[PDB]
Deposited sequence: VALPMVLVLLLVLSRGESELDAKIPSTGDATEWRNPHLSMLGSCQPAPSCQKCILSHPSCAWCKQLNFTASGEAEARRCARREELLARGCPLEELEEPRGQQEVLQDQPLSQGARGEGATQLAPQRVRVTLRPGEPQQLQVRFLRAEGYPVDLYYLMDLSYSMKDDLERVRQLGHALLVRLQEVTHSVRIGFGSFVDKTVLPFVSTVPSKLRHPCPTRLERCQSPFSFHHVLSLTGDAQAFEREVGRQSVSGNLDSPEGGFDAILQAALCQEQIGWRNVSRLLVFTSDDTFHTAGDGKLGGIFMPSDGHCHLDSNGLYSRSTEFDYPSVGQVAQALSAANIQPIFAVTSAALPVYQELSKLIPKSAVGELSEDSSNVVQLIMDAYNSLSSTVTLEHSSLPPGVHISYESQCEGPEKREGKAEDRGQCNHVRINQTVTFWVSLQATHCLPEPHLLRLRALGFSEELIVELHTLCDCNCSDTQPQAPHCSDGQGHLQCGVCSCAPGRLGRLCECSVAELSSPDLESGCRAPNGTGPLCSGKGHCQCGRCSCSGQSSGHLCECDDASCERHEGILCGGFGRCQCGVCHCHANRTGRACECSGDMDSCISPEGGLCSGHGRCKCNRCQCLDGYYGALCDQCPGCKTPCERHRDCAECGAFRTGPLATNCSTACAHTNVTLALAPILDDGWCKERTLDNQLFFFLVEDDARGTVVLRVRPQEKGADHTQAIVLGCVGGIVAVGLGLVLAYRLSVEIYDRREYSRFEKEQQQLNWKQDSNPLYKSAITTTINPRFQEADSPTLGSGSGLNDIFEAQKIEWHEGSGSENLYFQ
């Protein structure tokens, strides 16, 4: 476990169980000043008392901890407590953090409706242009402040994705007797608002469109909704992105077929009209890029797709945390119940994740979220709990483990997925020792010049010894080990120049 070390700092860095002793030159009995690094008992029984040994133990201090409050009416809900803690951990020692999450009722929600408009959604659009009032009323049952917006996408307006024939660009529809609009990549139609009349009017002004190949450019629309916060109108509440389609999607490598070599740059490109007009200059975003942008924006995607497209979006939602997949009808007639089910299944689940661990630091979770005594197993990368009820508070036990040292106070940012609430951990490593026994040029230790620089007295260069009294007598003589047993019988371990025992027996006689 613990082995003899030169100084207190190296001794504590060697093993968490080491119990370096700092008594004032009590080794003046034939013992080298490098064997004061062992367990607690071997240093408490051997000379120094409780005052003259310093075993450093890291601790955690809570900086700000406001109580879990459910706002006033979904207004100021605090759900994650504490919010800023300072954790100082000695290398090799566990540190347990108690993180509580409360599922406040009436938490506000923003729902951006991102629709497909590829002429197979004509009846879907006909239903959606009236479903706004129903959606708002139904969502007002679980929350009090709900805001809904609308967007749409078709595809990039180049071959082979859409037919760029000039007559087929103005009217991408099979017949000219029906009304429809020219293809686009992403049109932000309505910003998140609280009235359903604006939703009805704006969506009813929209028309269907069309393209050439089956996969759609919905990833571009998803990325632009995640990135353009000021234009969409996101706030700091739970954000839902309802993605409705009846076909697959284009990914990052698909734009090469249209002569598009430039990768998607991850910048907001909506013009004053809400159009993503420079979409033919960038390629489609990738699954990883879209997932990263959605995670960074705390948006939970809801994929409302038909039965023929379900498995692809099941895979995609397996690749994206905090996402839901429902089965959309052929005319989007079940979209409100789908949205409600997805929102309930997303709110019932609480996940706690860490931003990034510094090198040598390990994290583990213990999801105690039913009963104040029952907690599940450790060694996970997520504090996951499902079926969390309203007004119920869950608990997570976060364990931190540092191996060597941390030079800088790197900040850890534990957070609950789908929420802007954050838990900042100031991660300092207690791998420097301050026993206060050190005195600069102390007369008690060494002789003349030189400082201890540690609990053990550093020998002056002028002469060798505990106080430079004997250059070689203390250092060289090995009779001090030979004194080590009689009557120990093996129940007691040997001691330098003695025999140590336990269990009502003590001393060399034992």
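Coordinate coverage of the deposited sequence is interrupted at 1 to 42, 527 to 532, 559 to 826, where no C-alpha atom was modelled.
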